[PDB]
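Starting off, we have a lone chain in the form deposited in one PDB entry, written out as structure tokens.
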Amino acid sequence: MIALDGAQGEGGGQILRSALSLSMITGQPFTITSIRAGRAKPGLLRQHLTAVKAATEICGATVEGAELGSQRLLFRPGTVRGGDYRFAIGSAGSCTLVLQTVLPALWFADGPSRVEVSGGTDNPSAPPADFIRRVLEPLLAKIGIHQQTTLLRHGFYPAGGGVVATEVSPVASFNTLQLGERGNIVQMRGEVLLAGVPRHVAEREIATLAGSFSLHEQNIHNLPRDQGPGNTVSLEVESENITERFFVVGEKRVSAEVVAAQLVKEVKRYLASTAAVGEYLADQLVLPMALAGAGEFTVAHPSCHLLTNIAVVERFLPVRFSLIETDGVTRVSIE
């Protein structure tokens, strides 16, 4: 039975979620031993417990250790049943992470499924639920996976209140995704999302983006105050071979110019290499291509997350990933 070390790599968290999906995809039970060893909060936390309850439900699992402070977990899956699921995280809970725990398993469920989660849609430090729909959902569709995520209500950290819902269909046949050169840029678009925040913050954040980029469109998107106070700014880089979109969630004490300046940092950083995908989309492509048994993509630099995702994957599956950091770009490929 598979044993994983929680302090390994970046140090738990992602290890738990990649394990869950894999352990269900595969059926191999596993045991994480030092969950969040050194993190401020030592082990399983409400979100992880929710990640775990959702997992131990989509697949009738048997778990040992699912307690709020646990640094040990034994998870024995069952059959990933398809169906209408509804999970509810708190406020600090990112629907994104529940969904990226459970959806992979559902790719192999006995039938189509719908997952609806509640909680935070946009968190300052983390990826927004939009990345799912506007960025990876398409690479996935290309790897033969079929998912459709709709953002139904936004929950801006620290408010909570968001509602995201994904429609899945058991993967029929897998395809090999072959990314490399980003290709020539086709168009860049900036977009700001205000909910309870004034139209002078959007304009300011937009401007900054227009400051270094030639946006084909500058869009300001207004959501009901109901959606609490929130501001999220994004720039999309629809290159030829790929379409990426970067985000930066405005913080409490962070200025329109600072928030926009973070995003500009990233965007330039991506653009500064020929690499088709960003560090984060890379982190997400590791699993699906593994299931697919082949495929590759280029990414500027191997990140510490990549490294651990590739570990867990290879810990549950008969795959070999190869990273060839040649000329400022890294070619991540399967075997």
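Residues that one form lacks are left out of the comparison. Note that residue numbering begins at 1 and tracks the sequence as displayed. If you superpose the two forms and keep the largest set of C-alpha atoms that fall within 1.5 Å, you have the rigid core.
Q: Given the B-factors recorded for C-alpha atoms, which segment has the greater mean, 243-251 or 79-87?
A: That would be 243-251.
Q: Could you settle it for me: does 135-143 or 213-221 have the higher average Cα B factor in the PDB entry?
A: Between 213-221 and 135-143, it is 135-143 that shows the higher mean C-alpha B-factor.
Q: Among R36, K53, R46, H305, where is the Cα B factor highest in this entry?
A: If I rank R36, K53, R46, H305 by C-alpha B-factor, first place goes to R46.
Q: Say you rank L281, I310, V267, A276 by Cα B-factor from the PDB entry; which sits at the top?
A: Max CA B-factor in the entry, restricted to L281, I310, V267, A276: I310.
Q: Where does the C-alpha B-factor of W107 rank in its chain, lowest, middle or highest third?
A: Middle third - that is where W107 ends up once the chain's C-alpha B-factors are sorted.
Q: Can you work out whether the C-alpha temperature factor of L74 puts it in the lowest, middle or highest third of the chain?
A: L74: CA B-factor falls in the middle third of its chain.
Q: Ranking every modelled residue in this chain by its Cα temperature factor as given in the entry, which third contains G295?
A: Its C-alpha B-factor, which the entry lists for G295, ranks in the highest third among residues of this chain.
Q: Ordered by C-alpha B-factor within the chain, which third holds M188? Give me lowest, middle or highest, please.
A: For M188, the deposited C-alpha B-factor lands in the lowest third.
Q: When the modelled residues of the chain are sorted by Cα temperature factor, does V164 land in the lowest, middle or highest third?
A: For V164, whose C-alpha B-factor we compare with every modelled residue in the chain, the answer is the middle third.
The form deposited in another entry is left out here; the points below concern that form.
Q: Scan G161, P124, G180, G82 for the one whose CA shifts by 2 Å or more between the shown form and the other one after superposing the rigid core, and name it.
A: Comparing both forms, the shifted residue turns out to be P124.
Q: For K41, is the CA shift between the shown form and the other one at least 2 Å following rigid-core superposition?
A: Yes, the C-alpha position differs by at least 2 Å between the shown form and the other one.
Q: After a core superposition, would you say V329 shifts its C-alpha by at least 2 Å between the shown form and the other one?
A: No; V329 is a residue whose C-alpha shifts by less than 2 Å between the shown form and the other one when the cores are overlaid.
Q: Once the two forms are fit on the core, has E10 moved its CA by at least 2 Å between the shown form and the other one?
A: Indeed, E10 is displaced by 2 Å or more.
Q: Please check whether, in the other entry, the CA atoms of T50 and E10 lie closer or farther apart than here, given a change of 3 Å or more.
A: Closer: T50 and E10 approach by 3 Å or more in the other entry.
Q: Looking in the other entry, decide if the C-alpha atoms of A40 and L281 are closer or farther than in the form shown; they differ by 3 Å or more.
A: They are farther apart; the C-alpha distance rises by 3 Å or more in the other entry.
Q: Superposing on the rigid core, where do three or more consecutive Cα atoms all move 2 Å or more between the shown form and the other one?
A: These are the shifted runs between the shown form and the other one: 7-12, 37-41, 124-127.
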